[PDB]
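Below: one structure, written as structure tokens.
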Amino acid sequence: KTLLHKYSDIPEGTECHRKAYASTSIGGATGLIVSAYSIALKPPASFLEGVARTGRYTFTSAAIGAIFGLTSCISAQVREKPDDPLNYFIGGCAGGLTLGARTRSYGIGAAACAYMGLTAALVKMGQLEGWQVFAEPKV
Amino acid sequence: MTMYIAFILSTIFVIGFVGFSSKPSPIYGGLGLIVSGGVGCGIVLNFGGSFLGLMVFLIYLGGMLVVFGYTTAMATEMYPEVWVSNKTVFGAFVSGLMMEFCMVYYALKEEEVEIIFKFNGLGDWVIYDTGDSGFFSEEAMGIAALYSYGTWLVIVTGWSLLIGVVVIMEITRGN
Amino acid sequence: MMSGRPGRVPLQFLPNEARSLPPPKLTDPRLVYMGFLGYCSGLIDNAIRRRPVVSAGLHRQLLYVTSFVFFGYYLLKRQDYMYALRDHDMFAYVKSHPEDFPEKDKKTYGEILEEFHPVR
Amino acid sequence: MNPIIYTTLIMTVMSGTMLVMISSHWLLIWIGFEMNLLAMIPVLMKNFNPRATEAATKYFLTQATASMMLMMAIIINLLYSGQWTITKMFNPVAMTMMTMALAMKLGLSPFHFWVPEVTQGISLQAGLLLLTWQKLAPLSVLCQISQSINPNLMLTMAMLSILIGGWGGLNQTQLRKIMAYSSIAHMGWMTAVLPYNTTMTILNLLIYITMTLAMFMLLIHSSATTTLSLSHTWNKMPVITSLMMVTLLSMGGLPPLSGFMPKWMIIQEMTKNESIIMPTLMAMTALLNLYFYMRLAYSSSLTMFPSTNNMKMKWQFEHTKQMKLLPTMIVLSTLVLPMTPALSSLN
Amino acid sequence: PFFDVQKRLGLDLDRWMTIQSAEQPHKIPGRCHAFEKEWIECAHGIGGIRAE
Amino acid sequence: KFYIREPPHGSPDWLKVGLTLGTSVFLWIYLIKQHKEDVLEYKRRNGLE
Amino acid sequence: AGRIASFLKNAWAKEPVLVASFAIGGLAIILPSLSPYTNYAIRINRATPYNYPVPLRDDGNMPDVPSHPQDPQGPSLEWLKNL
Amino acid sequence: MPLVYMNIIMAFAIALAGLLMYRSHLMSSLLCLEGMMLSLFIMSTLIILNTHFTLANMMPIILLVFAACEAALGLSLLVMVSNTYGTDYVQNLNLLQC
Amino acid sequence: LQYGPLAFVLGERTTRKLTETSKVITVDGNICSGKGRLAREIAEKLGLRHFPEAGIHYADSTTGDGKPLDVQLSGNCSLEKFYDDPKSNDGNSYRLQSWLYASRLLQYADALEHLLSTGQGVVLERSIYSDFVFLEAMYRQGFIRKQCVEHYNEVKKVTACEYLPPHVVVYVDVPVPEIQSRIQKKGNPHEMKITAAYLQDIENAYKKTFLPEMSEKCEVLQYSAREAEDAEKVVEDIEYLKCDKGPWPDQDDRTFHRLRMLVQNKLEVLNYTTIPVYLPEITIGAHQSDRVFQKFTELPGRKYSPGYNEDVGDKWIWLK
Amino acid sequence: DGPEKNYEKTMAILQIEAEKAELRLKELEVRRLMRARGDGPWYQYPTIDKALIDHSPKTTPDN
Ligand SMILES: CCCCCCCCCCCCCCCCCC(=O)OC[C@H](COP(=O)(O)OCCN)OC(=O)CCCCCCCCCCCCCCCCC
Ligand SMILES: CCCCCCCCCCCCCCCCCC(=O)OC[C@H](COP(=O)(O)OCCN)OC(=O)CCCCCCCCCCCCCCCCC
Ligand SMILES: CCCCCCCCCCCCCCCCCC(=O)O[C@@H](COC(=O)CCCCCCCCCCCCCCC)COP(=O)(O)OC[C@H](O)CO
Ligand SMILES: Nc1nc2c(ncn2[C@@H]2O[C@H](COP(=O)(O)OP(=O)(O)OP(=O)(O)O)[C@@H](O)[C@H]2O)c(=O)[nH]1
């Protein structure tokens with residue numbers, strides 16, 4: 001997971017440009033996966049509509065990654081908090097607000113803020129700690 | 001040349017697969033596999049395996065595939081697409097061409113192809129073993145054990161074929 | 001886990017070592033539960049088939065209770081055997097690997113400084 | 001079919017899986033999978049209706065392709081170790097290859113779109129065979145090679161089954177479709193615990209098998225395939241709907257019913273393996289299953305539904321089939337929670 | 001085997017060809033018979049996780 | 001008699017029912033016998049006998 | 001008896017190919033069992049040295065194994081010679 | 001490792017892509033599924049013959065005799081969807097939408 | 001033993017019992033056309049099994065003690081009320097017709113079971129393939145509306161599909177004015193004030209639909225009353241016909257075993273009669289249906305399975 | 001009854017609970033080490049038995 005390794009290797013807050021590029025790369029790659037499924041299970045009319053679906057989905061996902069990485073890093077060193085989960089909390093809502101503007105709905109934007117803001121803190125929450133999502137079979 | 005003959009055949013084997021993997025007209029797709037079936041035996045033949053290779057001709061190429069195209073003959077629409085027809089079919093063919101060209105080029109220059117399985121790019125012949133086989137063919141004496149060691153294999157494969165004969169009627173009965 | 005421990009004669013519902021265990025007493029609370037399940041099976045069997053529930057072919061109820069208890073009783077023997085087997089091979093590994101399970105040292109609560117956090 | 005000829009097809013597939021659970025050779029395992037497929041196809045098309053013809057085609061293409069993918073997983077392992085015995089795999093891509101190949105035979109991850117359509121087309125009696133017996137054969141191999149399994153590889157397959165099984169189950173109407181999605185959701189539970197300790201994988205299998213027969217043969221007695229059709233059965237056979245409700249609660253997972261058997265131990269098992277976020281998601285998303293269990297429970301027995309005049313005629317005649325093992329299957333799937341320490345027998 | 005009826009009944013169905021160092025027709029070697037003899041004879045009664 | 005046709009279960013299937021009690025007593029007597037030899041074997045092997 | 005004999009006679013009357021097939025298959029399954037040369041077939045089958053007769057380390061106490069190939073000790077296929 | 005095996009290994013992959021992608025006709029898909037076991041046959045024979053695994057010569061003959069059983073089933077199903085729908089196009093096979 | 005699949009293996013084959021005199025002859029016709037009379041004469045001439053017209057209370061005669069139950073408990077529809085006023089808001093028009101179709105379906109099943117088991121030919125008036133003429137007449141005359149038609153023919157599709165058409169069908173075609181000529185004599189108050197067009201609409205729906213949709217699947221031989229008294233001729237035509245052009249004289253023993261699977265399961269043949277499609281005129285409300293079922297349950301014998309009701313004197317219940 | 005019944009009964013209950021709790025805590029440690037170094041009775045994954053090898057002289061002398 002070299003692509004995921006980029007975000008982890010760069011120190012939090014420091015090197016905002018590197019964090020932003022890595023974070024939007026993660027979002028863009030994720031956008032590729034979902035868009036590829038969307039064309040597969042639900043085909044569009046022609047290829048031009050297919051890239052149209054890819055264009056929307058990738059732009060949304062890349063935007064979420066870009067804004068999350070930018071806000072998380074720019075909030076860390078400004079507040080001088082390289083460990084507080086709040087550095088990712090406003091990042092999740094930054095993506096949440098970004099998604100809301102992408103689909104043009106206030107209600108979905110607020111919900112995305114609440115949900116992504118919680119998960120982003122939760123994802124950070126495990127980074128300081130030893131939380132494992134795919135823990136090896138020790139016992 | 002002649003040293004790379006197994007490589008040469010293996011190359012035709014791959015492009016033969018692109019012939020029917022591209023899903024052309026079922027008769028034409030069968031033909032693309034027929035040549036692919038033909039060359040594949042030669043790959044086996046060059047390694048020994050006369051009997052195992054000969055089956056690919058007999059019970060598969062002259063066997064399974066005969067009734068295959070036979071079904072395509074009486075089935076299918078009245079307008080069979082000629083290999084060019086749909087631009088996707090030719091797009092698939094040229095797509096198959098670029099995969100075998102890039103690897104083979106990579107194989108013969110750097111010899112360090114790592115795609116999925118790490119494979120070093122030497123000639124076909126640097127893999128053969130050494131030693132005399134006495135007076136018995138290794139392939140012939142192996143599958144001749146069907147009735148001396150192939151005990152549980154014969155009992156099960158025979159039973160399923162009988163079930164194969166009964167399942168085909170039951171599906172084709174039409175209730 | 002089990003699975004392939006030394007000595008695993010396959011399809012052996014009761015290995016010979018199980019004969020060295022105290023057999024489950026017929027008055028076992030687990031055993032009578034099997035009997036209770038058998039009765040509930042009998043009640044459902046008459047209920048599903050439009051029969052007069054309790055007083056409807058008590059012979060079927062007897063078969064259900066007997067089968068559940070008998071099939072139950074052999075189950076506890078295997079249940080107790082494997083449970084005893086888990087602790088048996090356990091109790092020997094600790095001996096063979098003493099440094100893997102170091103023993104703690106006696107420290108009474110008079111010396112242990114458990115922090116006292118005030119509560120308000 | 002001819003009763004004697006349907007019998008052998010029913011139990012050639014009985015033997016096909018029986019070979020898999022006893023074969024120590026990789027080729028022989030594929031042999032049992034072949035007879036598994038070769039005998040499954042006719043049973044799916046006992047009635048010969050275009051739904052069955054479609055269902056057989058979808059089922060055959062999926063299972064055949066997975067079988068072929070299984071073979072090269074066998075060949076690659078042979079290519080790198082020259083060992084035909086079933087043990088831990090000696091190469092990564094071979095391990096990755098069969099996990100997906102075995103998954104498609106079972107069907108949990110995106111390789112699950114066949115499961116709903118195939119059971120919908122085929123008859124209810126063949127539905128239980130597909131949803132109950134056809135899952136021991138893939139699971140037997142997975143429990144065998146669980147040591148070499150890739151922990152990341154399996155677990156993401158496990159959730160994607162339960163999330164898909166949990167989500168899509170709400171919108172389903174046909175009872176077979178609901179049963180299939182719950183089967184997908186249940187399939188995820190033991191597959192997740194498979195890398196850690198296969199004893200709970202078998203334990204979840206046995207309990208899930210017991211619950212599914214109780215579900216399917218009761219539906220067979222109801223002679224209903226739609227929620228509305230099942231709803232009517234409250235008047236003619238009120239007892240069955242009451243039993244329909246208890247097994248729905250059981251197979252929902254609420255304590256002290258037997259649906260709390262697998263989850264609780266599975267939740268406990270992974271918690272010993274330090275994986276604690278993982279159980280919480282599955283337990284919480286399991287409520288998605290409970291919702292359309294509640295939806296079926298509401299329409300079946302808890303609230304009676306409008307009936308038809310012609311069904312007064314139904315009351316005048318008694319049932320014919322004896323629905324063998326139904327009484328013992330129901331009781332063995334509702335009140336076995338106090339017998340939880342019996343799981344030590346499996347290991 | 002998941003259900004090792006092979007061992008219980010004491011009758012062979014599949015282990016004859018499982019390894020190339022087993023009995024062969026007219027006693028012909030399987031190329032690497034010498035090496036896999038050493039490995040298998042290293043691994044017996046050791047356990048899967050240990051032997052690797 | 002009510003029903004025009006004699007009903008399938010109206011006549012007690014004496015062969016079937018007597019068999020079920022036959023298994024019931026056989027199943028019990030083996031259970032009693034099984035417990036005694038198990039108890040005796042445990043009494044003997046574990047050193048108390 | 002009478003019907004069975006008549007059954008065979010009418011079987012030969014209209015279906016002579018199958019009764020020929022069943023008779024030949026019927027025989028071909030049971031003479032190999034009680035054959036007196038089947039053991040001979042096995043004996044000459046093992047008496048065909050595909051593989052070399054690898055020598056044995058002479059440690060004594062074994063008189064059956066010949067010291068010389070032409071020595072009288074050891075097995076002989078004199079039976080194979082006349083049959 | 002010899003390039004003849006990688007030639008076979010892609011041969012599975014290109015066959016795998018053709019089987020999964022589909023264009024119009026189930027005949028082609030059945031053809032693609034046969035290239036699957038075909039490339040498996042040469043790959044099996046190639047390894048087994050190279051290593052002189054005498055008993056393993058079992059598997060090549062056993063492999064395709066059971067793979068051909070797929071053809072016995074796969075070909076039969078096609079004609080039934082051909083008898084009822086007409087052309088065996090995969091797009092026709094959509095009745096089980098629910 | 002019953003026809004459980006074990007019995008098929010060790011014995012009974014349906015084809016052995018079937019002979020030439022194993023037809024499913026149905027004698028259809030207009031109202032009071034003697035179709036019941038003619039069917040009786042034909043059946044007793046050939047020694048077949050005559051089945052009287054499947055009424056609203058026929059199902060009661062097929063179970064219990066052959067005692068017609070209360071109309072609310074056995075159909076919730078009175079034919080006499082329909083003849084009195086079919087446009088009644090209670091929906092007696094379609095409710096009577098739909099229940100009658102189910103009555104014919106049960107009547108047809110019993111005839112099929114007897115024919116497959118005994119091998120003796122069966123005779124029944126009307127059919128499940130002929131009840132449509134009444135509703136089609138009941139439609140054009142304004143007795144019902146479109147929704148009743150949709151439910152009925154859909155029930156025909158989901159029930160009559162696995163019931164092949166009979167070997168030969170007898171149609172006695174009395175002219176409508178002649179049927180009028182006899183009904184004043186009949187003197188049954190409800191069935192006097194029929195609409196002449198409705199009985200006219202009985203006849204034409206019989207004319208260009210019944211025979212044409214039955215001719216291609218079976219021989220249709222037609223008479224009137226003058227040949228009904230002349231039944232010695234209507235029977236020799238049955239002898240003359242080969243029973244050709246029919247799907248019965250080609251089925252093998254396998255299908256007959258499948259057919260006996262369906263018929264012996266009485267609820268199975270009735271399973272698709274009670275479609276969950278909610279027609280307002282036939283949908284029984286939850287409270288009324290629950291009370292009616294409680295009324296049905298408290299009836300003697302119906303409380304438990306047959307042979308399991310000690311109320312009617314079934315001893316040895318404790319050891320059945 | 002007397003309070004000595006409750007006192008003695010409970011402390012025996014506490015004693016039983018302590019051994020039960022201690023054994024479970026030791027169990028996670030025993031099972032952890034077994035699955036790591038694998039030199040114990042259980043968790044022994046299957047291996048090919050040393051009896052299937054054909055030790056008779058082969059056709060090729062060096063093999
Ligand atoms: C520090 C490391 C990370 C740094 C970067 C931040 C994280 C990565 C970027 C954010 C990823 C999660 C947010 C969602 C991204 C995908 C959005 C997307 O697919 O949008 C399109 C669409 C929503 O719109 P739609 O419902 O189609 O309505 C319009 C129809 N015309 O989508 C849909 O309809 C489907 C719903 C969305 C797609 C499925 C879920 C995708 C996300 C799963 C989790 C990804 C986690 C990534 C990070 C961890 C792993 C590396
Ligand atoms: C774990 C939590 C609880 C889980 C389960 C909850 C179940 C109920 C939940 C709600 C269900 C939906 C709403 C109600 C549905 C009712 C279903 C039904 O069929 O109701 C009507 C029906 C009428 O009764 P009927 O069939 O005529 O039989 C009467 C007895 N012969 O009624 C019946 O058929 C019911 C018949 C019940 C028969 C009970 C027999 C009791 C026997 C007791 C024996 C005691 C022996 C004691 C021995 C002591 C010494 C050892
Ligand atoms: C309706 C949604 C929820 C409503 C509110 C419910 C309560 C909120 C919190 C929910 C807690 C769920 C998880 C708690 C289970 C036990 C966890 C525990 O005991 O604490 C562990 C806390 O560890 C965790 O990571 C536990 C999970 C934390 C939260 C993440 C998952 C829960 C939230 C998402 C799922 C539920 C929300 C709904 C989603 C649809 C300690 O382990 P450790 O991390 O110290 O382990 C040792 C070492 O450090 C290695 O880790
Ligand atoms: N509404 C309605 N009434 C039906 C239907 N089928 C039969 N009937 C009634 O069945 C009753 C008996 O039929 P009739 O023909 O009058 O009987 P019949 O007077 O004995 O005369 P034959 O039938 O010629 O013997 C009549 O009142 C019909 O209206 C149906 O589908 N709908």
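Ligands are numbered from 1 in the order shown, chains are lettered A, B, ... in the order of the structure tokens, and residues start at 1 in each chain.
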
Exercise answer, chain I residues close to chain D, 6 Å and only C-alpha atoms, as a list in words: residues 5, 99, 254, 265, 274, 276, 282, 283, 284, 285 and 286 of chain I

I need the residues from that last selection saved to file as a CSV table (one decimal), in the first residue's frame (with N, CA, C and O atoms), if you can.
chain,number,residue,atom,x,y,z
I,5,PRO,N,-43.9,-41.4,-3.6
I,5,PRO,CA,-42.9,-41.8,-4.6
I,5,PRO,C,-42.4,-43.2,-4.5
I,5,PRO,O,-41.9,-43.8,-5.5
I,99,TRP,N,-66.1,-18.3,-6.6
I,99,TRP,CA,-66.2,-19.6,-5.8
I,99,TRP,C,-66.7,-20.7,-6.6
I,99,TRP,O,-66.2,-21.9,-6.4
I,254,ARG,N,-44.4,-40.9,-16.6
I,254,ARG,CA,-43.8,-39.9,-15.7
I,254,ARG,C,-44.7,-38.7,-15.5
I,254,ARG,O,-44.9,-38.3,-14.3
I,265,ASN,N,-52.7,-33.8,-3.5
I,265,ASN,CA,-52.5,-32.6,-2.6
I,265,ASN,C,-53.6,-31.6,-2.9
I,265,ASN,O,-53.5,-30.8,-3.8
I,274,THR,N,-56.5,-19.0,-4.2
I,274,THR,CA,-56.6,-17.9,-3.2
I,274,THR,C,-55.4,-16.9,-3.5
I,274,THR,O,-54.5,-16.7,-2.6
I,276,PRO,N,-53.3,-13.6,-3.7
I,276,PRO,CA,-53.4,-12.4,-2.8
I,276,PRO,C,-53.8,-11.1,-3.5
I,276,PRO,O,-53.7,-10.1,-2.9
I,282,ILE,N,-64.4,-9.6,-3.2
I,282,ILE,CA,-64.2,-10.9,-2.6
I,282,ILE,C,-63.2,-10.9,-1.5
I,282,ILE,O,-63.0,-11.9,-0.8
I,283,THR,N,-62.6,-9.7,-1.2
I,283,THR,CA,-61.6,-9.7,-0.1
I,283,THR,C,-62.4,-9.6,1.3
I,283,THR,O,-63.1,-8.7,1.5
I,284,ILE,N,-62.2,-10.7,2.1
I,284,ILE,CA,-62.8,-10.7,3.4
I,284,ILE,C,-61.9,-10.0,4.4
I,284,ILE,O,-60.7,-10.2,4.4
I,285,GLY,N,-62.5,-9.1,5.1
I,285,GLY,CA,-61.8,-8.3,6.1
I,285,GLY,C,-61.2,-9.1,7.2
I,285,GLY,O,-61.6,-10.2,7.5
I,286,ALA,N,-60.2,-8.6,7.9
I,286,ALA,CA,-59.4,-9.3,8.9
I,286,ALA,C,-60.3,-9.8,10.0
I,286,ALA,O,-60.3,-10.9,10.5

Find the residues around range 35-41 of chain B up to 7 Å (only C-alpha atoms counted), leave out those fewer than 4 positions away in its own chain, and share them as a VMD selection string. (chain B and resid 9 13 16 to 17 31 45 53 to 54 56 to 57 61) or (chain H and resid 42)

Residue subset to file, keeping C-alpha atoms, as a PDB file, in the first residue's frame:
ATOM      1  CA  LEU B   9       4.447 -22.081 -30.867  1.00  0.00           C
ATOM      2  CA  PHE B  13      -0.836 -20.140 -28.799  1.00  0.00           C
ATOM      3  CA  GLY B  16      -4.762 -17.950 -30.949  1.00  0.00           C
ATOM      4  CA  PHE B  17      -6.474 -17.292 -27.625  1.00  0.00           C
ATOM      5  CA  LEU B  31     -11.611 -21.832 -35.693  1.00  0.00           C
ATOM      6  CA  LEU B  45       4.772 -32.665 -28.094  1.00  0.00           C
ATOM      7  CA  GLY B  53      -0.786 -34.093 -26.734  1.00  0.00           C
ATOM      8  CA  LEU B  54      -2.588 -36.422 -29.137  1.00  0.00           C
ATOM      9  CA  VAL B  56      -5.902 -32.436 -27.573  1.00  0.00           C
ATOM     10  CA  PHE B  57      -6.154 -33.258 -31.275  1.00  0.00           C
ATOM     11  CA  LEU B  61     -10.067 -30.597 -31.233  1.00  0.00           C
TER      12      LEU B  61
ATOM     13  CA  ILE H  42      -1.034 -27.542 -21.495  1.00  0.00           C
TER      14      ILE H  42
END

Would you list, as a ChimeraX atom specification, the residues of range 90-308 of chain I that end up in strand (DSSP E or B) under DSSP run on this structure's backbone? /I:122-125,168-172,219-223,283-284

Give the residues close to ligand 3, within 10 Å, counting only C-alpha atoms and all ligand atoms; write them as a PyMOL selection string. (chain A and resi 115+118-119+122-123+125-133+135) or (chain D and resi 271+274-285)

Expected answer as an MDAnalysis selection string: chain I residues within 12 Å of chain B, only C-alpha atoms: chainID I and resid 251:256 258

Would you mind listing what lies within 8 Å of residue 23 in chain E as a ChimeraX atom specification, with only C-alpha atoms counted and same-chain residues fewer than 3 positions away left out? /E:16,27 /J:52-54

Picked from chain H by DSSP as alpha helix (DSSP H), as a PyMOL selection string: chain H and resi 3-21+26-51+58-85

Please tabulate, as a tab-separated table, the residues of chain I that come within 12 Å of chain F, each with its closest pair of atoms and the distance in Å to one decimal, counting only C-alpha atoms and ordering rows by chain, then residue number upward.
residue	atom	partner	partner_atom	distance
I:1	CA	F:8	CA	10.0
I:2	CA	F:8	CA	9.4
I:60	CA	F:3	CA	11.1
I:61	CA	F:4	CA	9.2
I:62	CA	F:4	CA	8.2
I:63	CA	F:3	CA	6.7
I:64	CA	F:3	CA	5.1
I:65	CA	F:2	CA	4.7
I:66	CA	F:4	CA	7.1
I:67	CA	F:2	CA	9.6
I:299	CA	F:2	CA	11.9
I:300	CA	F:2	CA	9.0
I:301	CA	F:2	CA	7.4
I:302	CA	F:3	CA	10.3
I:304	CA	F:9	CA	11.9
I:305	CA	F:9	CA	8.9
I:306	CA	F:7	CA	5.8
I:307	CA	F:10	CA	4.0
I:308	CA	F:10	CA	6.8
I:309	CA	F:10	CA	9.4
I:310	CA	F:10	CA	10.8
I:311	CA	F:2	CA	10.6
I:312	CA	F:1	CA	7.1
I:313	CA	F:1	CA	7.6
I:314	CA	F:10	CA	7.5
I:315	CA	F:10	CA	9.0
I:316	CA	F:12	CA	7.5
I:317	CA	F:12	CA	8.8
I:318	CA	F:12	CA	10.3
I:319	CA	F:12	CA	7.4
I:320	CA	F:12	CA	5.1

Keeping only N, CA, C and O atoms, write the selected residues as a compact mmCIF listing (two decimals), in the first residue's frame.
# COMPACT_ATOMS: atom_id res chain seq x y z
N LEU I 1 -50.66 -48.64 0.35
CA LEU I 1 -49.95 -47.39 0.56
C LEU I 1 -50.44 -46.31 -0.39
O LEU I 1 -50.95 -46.61 -1.47
N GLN I 2 -50.26 -45.05 0.01
CA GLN I 2 -50.61 -43.93 -0.85
C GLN I 2 -49.64 -43.86 -2.03
O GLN I 2 -48.68 -44.64 -2.14
N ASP I 60 -68.39 -28.74 0.31
CA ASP I 60 -68.87 -29.32 1.56
C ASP I 60 -69.21 -30.80 1.39
O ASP I 60 -68.96 -31.61 2.28
N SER I 61 -69.79 -31.16 0.24
CA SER I 61 -70.10 -32.56 -0.02
C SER I 61 -68.84 -33.40 -0.20
O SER I 61 -68.90 -34.62 -0.03
N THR I 62 -67.72 -32.78 -0.54
CA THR I 62 -66.47 -33.50 -0.78
C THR I 62 -65.67 -33.72 0.50
O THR I 62 -64.68 -34.46 0.48
N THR I 63 -66.09 -33.12 1.61
CA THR I 63 -65.39 -33.26 2.88
C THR I 63 -66.43 -33.34 3.99
O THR I 63 -67.63 -33.45 3.72
N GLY I 64 -65.96 -33.30 5.23
CA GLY I 64 -66.88 -33.37 6.36
C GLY I 64 -67.69 -34.65 6.31
O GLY I 64 -67.15 -35.75 6.14
N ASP I 65 -69.01 -34.52 6.45
CA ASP I 65 -69.93 -35.63 6.30
C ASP I 65 -70.82 -35.47 5.07
O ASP I 65 -71.92 -36.02 5.02
N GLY I 66 -70.36 -34.71 4.08
CA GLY I 66 -71.17 -34.44 2.91
C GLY I 66 -72.36 -33.56 3.20
O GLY I 66 -73.36 -33.61 2.46
N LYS I 67 -72.30 -32.75 4.25
CA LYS I 67 -73.39 -31.88 4.63
C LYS I 67 -73.07 -30.46 4.20
O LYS I 67 -72.03 -29.91 4.61
N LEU I 299 -66.77 -25.75 14.61
CA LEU I 299 -67.59 -26.77 13.99
C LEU I 299 -67.04 -28.15 14.35
O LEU I 299 -65.83 -28.32 14.47
N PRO I 300 -67.91 -29.15 14.54
CA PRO I 300 -67.42 -30.49 14.88
C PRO I 300 -66.55 -31.06 13.77
O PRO I 300 -66.78 -30.84 12.58
N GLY I 301 -65.52 -31.80 14.18
CA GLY I 301 -64.63 -32.45 13.24
C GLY I 301 -63.55 -31.55 12.67
O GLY I 301 -62.39 -31.95 12.55
N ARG I 302 -63.93 -30.31 12.33
CA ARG I 302 -62.99 -29.38 11.72
C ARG I 302 -61.96 -28.85 12.70
O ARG I 302 -60.99 -28.21 12.27
N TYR I 304 -59.72 -30.44 14.54
CA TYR I 304 -58.45 -31.13 14.37
C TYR I 304 -58.43 -31.83 13.02
O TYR I 304 -59.35 -31.72 12.22
N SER I 305 -57.34 -32.56 12.78
CA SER I 305 -57.20 -33.30 11.54
C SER I 305 -58.20 -34.46 11.50
O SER I 305 -58.67 -34.92 12.54
N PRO I 306 -58.56 -34.93 10.30
CA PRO I 306 -59.47 -36.08 10.21
C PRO I 306 -58.90 -37.28 10.94
O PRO I 306 -57.70 -37.56 10.89
N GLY I 307 -59.77 -38.00 11.64
CA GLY I 307 -59.33 -39.08 12.50
C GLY I 307 -58.70 -38.63 13.79
O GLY I 307 -58.11 -39.45 14.49
N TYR I 308 -58.81 -37.34 14.13
CA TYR I 308 -58.19 -36.82 15.34
C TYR I 308 -59.16 -35.97 16.16
O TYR I 308 -58.71 -35.09 16.91
N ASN I 309 -60.46 -36.20 16.04
CA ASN I 309 -61.48 -35.42 16.75
C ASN I 309 -62.24 -36.36 17.67
O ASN I 309 -63.14 -37.09 17.23
N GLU I 310 -61.90 -36.34 18.96
CA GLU I 310 -62.63 -37.15 19.93
C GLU I 310 -64.05 -36.66 20.14
O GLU I 310 -64.87 -37.40 20.69
N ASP I 311 -64.36 -35.43 19.72
CA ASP I 311 -65.72 -34.93 19.81
C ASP I 311 -66.68 -35.77 18.97
O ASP I 311 -67.84 -35.95 19.35
N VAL I 312 -66.21 -36.28 17.84
CA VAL I 312 -67.03 -37.10 16.96
C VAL I 312 -66.81 -38.59 17.24
O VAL I 312 -67.18 -39.44 16.43
N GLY I 313 -66.22 -38.92 18.38
CA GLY I 313 -66.00 -40.31 18.74
C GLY I 313 -64.82 -40.94 18.05
O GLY I 313 -64.97 -41.91 17.29
N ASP I 314 -63.62 -40.41 18.29
CA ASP I 314 -62.38 -40.96 17.76
C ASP I 314 -61.55 -41.42 18.96
O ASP I 314 -60.79 -40.66 19.54
N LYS I 315 -61.72 -42.69 19.33
CA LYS I 315 -61.02 -43.24 20.47
C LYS I 315 -59.54 -43.44 20.14
O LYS I 315 -59.12 -43.33 18.99
N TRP I 316 -58.76 -43.73 21.18
CA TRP I 316 -57.32 -43.98 21.09
C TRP I 316 -56.54 -42.75 20.65
O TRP I 316 -55.45 -42.89 20.08
N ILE I 317 -57.07 -41.56 20.91
CA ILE I 317 -56.38 -40.32 20.55
C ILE I 317 -55.03 -40.23 21.24
O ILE I 317 -54.05 -39.76 20.66
N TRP I 318 -54.95 -40.70 22.49
CA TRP I 318 -53.71 -40.65 23.24
C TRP I 318 -52.60 -41.49 22.61
O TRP I 318 -51.43 -41.32 22.96
N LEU I 319 -52.94 -42.40 21.68
CA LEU I 319 -51.95 -43.28 21.09
C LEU I 319 -52.10 -43.41 19.58
O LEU I 319 -51.73 -44.45 19.02
N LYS I 320 -52.64 -42.40 18.90
CA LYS I 320 -52.77 -42.44 17.45
C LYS I 320 -51.41 -42.52 16.77
O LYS I 320 -50.84 -41.50 16.39

Near residue 151 in chain I, within 12 Å and counting only C-alpha atoms, which residues show up once chain neighbours fewer than 6 positions away are dropped, as a list in words?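 Residues near the query, excluding close chain neighbours: residues 94, 95, 97, 98, 101, 132, 135, 144, 145, 157, 158, 159, 272, 273, 274, 275, 276, 277, 278, 279, 280, 281, 282 and 283 of chain I.
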